[PDB]
Amino acid sequence: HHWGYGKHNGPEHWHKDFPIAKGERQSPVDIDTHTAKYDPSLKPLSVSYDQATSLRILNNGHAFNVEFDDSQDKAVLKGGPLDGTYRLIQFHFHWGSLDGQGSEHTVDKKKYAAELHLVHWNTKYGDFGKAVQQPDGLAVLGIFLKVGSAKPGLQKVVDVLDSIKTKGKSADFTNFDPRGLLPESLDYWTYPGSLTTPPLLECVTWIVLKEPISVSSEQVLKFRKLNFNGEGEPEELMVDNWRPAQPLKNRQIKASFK
Ligand SMILES: NS(=O)(=O)c1ccc(C(=O)NCc2ccccc2F)cc1
Ligand SMILES: [Hg+2]
Ligand SMILES: [Zn+2]
């Protein structure tokens with residue numbers, strides 16, 4: 001039936017309703033640090049989240065999204081491998097049932113506990129919907145989460161999860177500052193790819209940060225208490241909502257550092 005992460009509608013079944021799953025530039029991929037090409041012509045990233053306006057947080061049955069007002073250039077991403085300005089529209093995570101898995105991208109086959117995706121769309125396209133019809137329509141900033149010490153900036157998110165336990169639930173979420181989620185270094189790897197969930201459109205320029213942020217065990221534990229199911233239905237814990245690494249094919253992962 002509708003796609004999911006279970007035995008019968010998981011990633012290995014997606015190709016049936018979304019043929020693009022077997023495309024040439026699918027994500028995520030495994031980043032082989034030794035094969036990545038250091039490209040000095042890559043500019044430094046420019047993240048301007050000082051005027052970010054968060055609106056709400058919702059459980060959409062696959063993960064939880066924190067949405068932002070993208071009607072104006074409040075929070076933007078520029079620099080790096082990007083041309084033009086990209087607006088932040090939402091951010092979400094992918095996580096596992098155990099600390100040893102959860103991320104979508106892997107580094108030298110190493111899986112992290114979770115992965116943060118900050119989704120942006122190219123302003124040149126007018127709206128998100130048009131942007132997804134273009135090879136350079138989106139830019140996703142990926143950040144790995146390793147279990148260790150608590151991340152203060154993530155706590156506001158952790159505290160509201162109870163209100164959005166089940167599919168379709170949403171809660172007002174204003175004044176959240178996304179800058180509290182960034183590692184201290186902005187070094188990154190970049191490659192052309194796609195959305196990691198259906199429709200799996202190959203409209204994304206992936207920018208994966210080298211330095212992971214650390215979060216406490218108790219923080220990720222709360223992610224695991226979310227439900228895939230809607231209220232009243234049988235309980236299916238929201239865990240392992242990650243897609244396995246896809247073949248790199250004829251693409252090159254570039255690094256902004258040596
Ligand atoms: N995990 S990830 O690659 O960062 C990712 C980012 C955004 C979306 C999204 O906006 N989906 C809804 C959607 C997308 C395109 C067309 C119609 C939709 F409803 C999905 C996955
Ligand atoms: Hg596209
Ligand atoms: Zn994602």
# chains A, B, ... in the order shown; residues from 1 in each chain; ligands from 1
>>> residues_around(residues="region 8-16 of chain A", least_positions_apart="6", cutoff="10 Å", atoms="only C-alpha atoms", output="number ranges by chain")
A: 1-2, 22-23, 196-200, 241-244
>>> closest_atom_pairs(of="region 49-102 of chain A", to="region 141-160 of chain A", cutoff="12 Å", atoms="only C-alpha atoms", output="tab-separated table")
residue	atom	partner	partner_atom	distance
A:54	CA	A:157	CA	11.7
A:56	CA	A:160	CA	10.4
A:57	CA	A:160	CA	8.4
A:58	CA	A:160	CA	10.1
A:59	CA	A:160	CA	11.2
A:64	CA	A:157	CA	10.0
A:65	CA	A:157	CA	10.3
A:66	CA	A:157	CA	8.8
A:76	CA	A:141	CA	11.4
A:77	CA	A:141	CA	9.0
A:78	CA	A:141	CA	11.3
A:80	CA	A:141	CA	11.0
A:81	CA	A:141	CA	11.8
A:82	CA	A:141	CA	11.7
A:86	CA	A:141	CA	11.1
A:87	CA	A:141	CA	11.7
A:88	CA	A:141	CA	9.9
A:89	CA	A:141	CA	11.9
A:90	CA	A:141	CA	11.0
A:91	CA	A:141	CA	9.2
A:92	CA	A:142	CA	10.0
A:93	CA	A:143	CA	9.3
A:94	CA	A:144	CA	9.7
A:95	CA	A:145	CA	9.0
A:96	CA	A:145	CA	11.0
A:98	CA	A:147	CA	10.4
A:99	CA	A:147	CA	6.9
A:100	CA	A:146	CA	8.9
A:101	CA	A:146	CA	9.8
A:102	CA	A:145	CA	8.9
>>> write_last_selection(atoms="C-alpha atoms", output="mmCIF file, in the first residue's frame")
data_model
loop_
_atom_site.group_PDB
_atom_site.id
_atom_site.type_symbol
_atom_site.label_atom_id
_atom_site.label_comp_id
_atom_site.auth_asym_id
_atom_site.auth_seq_id
_atom_site.Cartn_x
_atom_site.Cartn_y
_atom_site.Cartn_z
ATOM 1 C CA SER A 54 9.731 28.618 12.495
ATOM 2 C CA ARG A 56 5.152 24.442 13.487
ATOM 3 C CA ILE A 57 6.224 20.886 13.939
ATOM 4 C CA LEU A 58 4.265 17.959 12.563
ATOM 5 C CA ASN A 59 4.394 14.212 12.483
ATOM 6 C CA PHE A 64 8.682 14.912 12.063
ATOM 7 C CA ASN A 65 9.214 18.172 10.170
ATOM 8 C CA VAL A 66 9.799 21.631 11.625
ATOM 9 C CA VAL A 76 19.062 31.267 3.408
ATOM 10 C CA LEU A 77 21.928 29.137 2.158
ATOM 11 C CA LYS A 78 24.383 30.392 -0.458
ATOM 12 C CA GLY A 80 29.605 26.345 -1.398
ATOM 13 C CA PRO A 81 28.661 24.644 -4.718
ATOM 14 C CA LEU A 82 25.465 26.679 -5.063
ATOM 15 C CA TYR A 86 18.140 28.817 -1.487
ATOM 16 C CA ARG A 87 15.427 29.291 1.184
ATOM 17 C CA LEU A 88 15.008 27.015 4.190
ATOM 18 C CA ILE A 89 11.552 25.467 4.147
ATOM 19 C CA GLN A 90 11.829 22.626 6.691
ATOM 20 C CA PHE A 91 14.186 20.334 8.564
ATOM 21 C CA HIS A 92 13.731 16.701 9.660
ATOM 22 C CA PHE A 93 15.757 13.741 10.921
ATOM 23 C CA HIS A 94 16.277 10.084 10.054
ATOM 24 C CA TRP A 95 17.159 7.834 13.001
ATOM 25 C CA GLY A 96 17.548 4.243 14.105
ATOM 26 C CA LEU A 98 19.838 1.370 17.987
ATOM 27 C CA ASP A 99 22.674 3.918 18.339
ATOM 28 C CA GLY A 100 24.697 2.153 15.663
ATOM 29 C CA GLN A 101 22.385 3.020 12.818
ATOM 30 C CA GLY A 102 20.085 5.780 11.758
#
>>> residues_around(residues="residue 238 (chain A)", least_positions_apart="6", cutoff="6 Å", atoms="only C-alpha atoms", output="PyMOL selection string")
chain A and resi 224+226-228
>>> residues_around(residues="residue 206 (chain A)", least_positions_apart="2", cutoff="7 Å", atoms="only C-alpha atoms", output="MDAnalysis selection string")
chainID A and resid 139:141 190:193 204 208
>>> write_last_selection(atoms="N, CA, C and O atoms", output="PDB file, in the first residue's frame")
ATOM      1  N   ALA A 139      18.570  22.108  -2.234  1.00  0.00           N
ATOM      2  CA  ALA A 139      19.873  21.973  -1.578  1.00  0.00           C
ATOM      3  C   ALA A 139      19.558  21.490  -0.176  1.00  0.00           C
ATOM      4  O   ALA A 139      18.748  22.107   0.527  1.00  0.00           O
ATOM      5  N   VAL A 140      20.076  20.321   0.188  1.00  0.00           N
ATOM      6  CA  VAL A 140      19.841  19.806   1.533  1.00  0.00           C
ATOM      7  C   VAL A 140      21.154  19.768   2.291  1.00  0.00           C
ATOM      8  O   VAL A 140      22.147  19.258   1.785  1.00  0.00           O
ATOM      9  N   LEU A 141      21.159  20.374   3.474  1.00  0.00           N
ATOM     10  CA  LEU A 141      22.343  20.392   4.329  1.00  0.00           C
ATOM     11  C   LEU A 141      22.177  19.187   5.241  1.00  0.00           C
ATOM     12  O   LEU A 141      21.180  19.096   5.944  1.00  0.00           O
ATOM     13  N   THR A 190      30.180  17.343  -1.164  1.00  0.00           N
ATOM     14  CA  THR A 190      29.024  17.674  -1.979  1.00  0.00           C
ATOM     15  C   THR A 190      28.948  16.767  -3.221  1.00  0.00           C
ATOM     16  O   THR A 190      29.980  16.315  -3.748  1.00  0.00           O
ATOM     17  N   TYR A 191      27.723  16.447  -3.633  1.00  0.00           N
ATOM     18  CA  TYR A 191      27.487  15.612  -4.820  1.00  0.00           C
ATOM     19  C   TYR A 191      26.021  15.821  -5.255  1.00  0.00           C
ATOM     20  O   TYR A 191      25.201  16.289  -4.449  1.00  0.00           O
ATOM     21  N   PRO A 192      25.702  15.608  -6.553  1.00  0.00           N
ATOM     22  CA  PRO A 192      24.327  15.771  -7.055  1.00  0.00           C
ATOM     23  C   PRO A 192      23.536  14.495  -6.767  1.00  0.00           C
ATOM     24  O   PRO A 192      23.995  13.399  -7.067  1.00  0.00           O
ATOM     25  N   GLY A 193      22.364  14.633  -6.172  1.00  0.00           N
ATOM     26  CA  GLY A 193      21.586  13.458  -5.819  1.00  0.00           C
ATOM     27  C   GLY A 193      20.086  13.661  -5.853  1.00  0.00           C
ATOM     28  O   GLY A 193      19.570  14.445  -6.651  1.00  0.00           O
ATOM     29  N   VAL A 204      18.252  17.410  -6.162  1.00  0.00           N
ATOM     30  CA  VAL A 204      19.090  17.883  -5.068  1.00  0.00           C
ATOM     31  C   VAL A 204      20.604  17.949  -5.140  1.00  0.00           C
ATOM     32  O   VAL A 204      21.265  17.014  -5.608  1.00  0.00           O
ATOM     33  N   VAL A 208      26.919  17.627   2.674  1.00  0.00           N
ATOM     34  CA  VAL A 208      27.031  16.879   3.918  1.00  0.00           C
ATOM     35  C   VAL A 208      28.212  17.389   4.727  1.00  0.00           C
ATOM     36  O   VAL A 208      29.336  17.372   4.262  1.00  0.00           O
TER      37      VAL A 208
END
>>> residues_near_ligand(ligand="ligand 2", cutoff="9 Å", atoms="only C-alpha atoms and all ligand atoms", output="tab-separated table (two decimals) with N, CA and C atoms, in the first residue's frame")
chain	number	residue	atom	x	y	z
A	131	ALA	N	10.49	24.26	-8.06
A	131	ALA	CA	11.86	23.86	-7.77
A	131	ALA	C	12.08	22.35	-7.90
A	132	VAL	N	11.10	21.55	-7.50
A	132	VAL	CA	11.24	20.09	-7.62
A	132	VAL	C	11.17	19.57	-9.06
A	133	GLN	N	10.99	20.46	-10.03
A	133	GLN	CA	10.95	20.06	-11.43
A	133	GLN	C	12.26	20.45	-12.11
A	134	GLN	N	13.29	20.71	-11.30
A	134	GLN	CA	14.59	21.15	-11.81
A	134	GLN	C	15.78	20.40	-11.22
A	135	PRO	N	16.83	20.17	-12.04
A	135	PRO	CA	18.02	19.45	-11.57
A	135	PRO	C	18.80	20.16	-10.46
A	136	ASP	N	18.63	21.48	-10.35
A	136	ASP	CA	19.28	22.22	-9.28
A	136	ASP	C	18.23	22.98	-8.43
A	137	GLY	N	17.06	22.36	-8.27
A	137	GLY	CA	16.00	22.98	-7.50
A	137	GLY	C	16.12	22.99	-5.99
A	138	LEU	N	16.79	21.99	-5.42
A	138	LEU	CA	16.93	21.89	-3.98
A	138	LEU	C	18.36	21.75	-3.49
A	194	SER	N	19.38	13.04	-4.92
A	194	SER	CA	17.93	13.12	-4.93
A	194	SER	C	17.31	13.14	-3.54
A	195	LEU	N	15.97	13.21	-3.52
A	195	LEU	CA	15.21	13.15	-2.28
A	195	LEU	C	15.45	11.70	-1.83
A	200	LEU	N	11.35	10.64	-4.64
A	200	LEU	CA	12.76	10.41	-5.00
A	200	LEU	C	13.28	11.21	-6.20
A	201	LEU	N	12.77	12.42	-6.34
A	201	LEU	CA	13.13	13.31	-7.43
A	201	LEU	C	14.62	13.71	-7.37
A	202	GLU	N	15.29	13.65	-8.51
A	202	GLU	CA	16.70	13.97	-8.62
A	202	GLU	C	16.84	15.45	-8.89
A	203	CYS	N	16.50	16.22	-7.86
A	203	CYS	CA	16.53	17.68	-7.89
A	203	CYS	C	17.49	18.27	-6.83
A	204	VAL	N	18.25	17.41	-6.16
A	204	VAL	CA	19.09	17.88	-5.07
A	204	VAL	C	20.60	17.95	-5.14
>>> select_by_dssp(residues="region 124-258 of chain A", states="alpha helix (DSSP H)", output="PyMOL selection string")
chain A and resi 128-131+155-160+217-223
>>> closest_residue(among="A:4, A:44, A:178, A:234", to="residue 119 (chain A)", atoms="only C-alpha atoms")
A:178
>>> select_by_dssp(residues="region 12-198 of chain A", states="strand (DSSP E or B)", output="ChimeraX atom specification")
/A:30-31,37-38,45-48,54-59,64-68,76-79,86-95,106-107,110,114-122,138-147,167,170-172,188-193
>>> atom_distance(atom1="CA of residue 188 (chain A)", atom2="atom 16 (C, counted along the ligand's line) of ligand 1")
26.1 Å
>>> closest_residue(among="A:48, A:205, A:250, A:170", to="ligand 1", atoms="only C-alpha atoms and all ligand atoms")
A:205
>>> residues_around(residues="residue 182 (chain A)", least_positions_apart="3", cutoff="9 Å", atoms="only C-alpha atoms", output="list in words")
residues 143, 178, 179, 185, 186, 212 and 213 of chain A
>>> closest_residue(among="A:173, A:128, A:257, A:189", to="ligand 1", atoms="only C-alpha atoms and all ligand atoms")
A:128
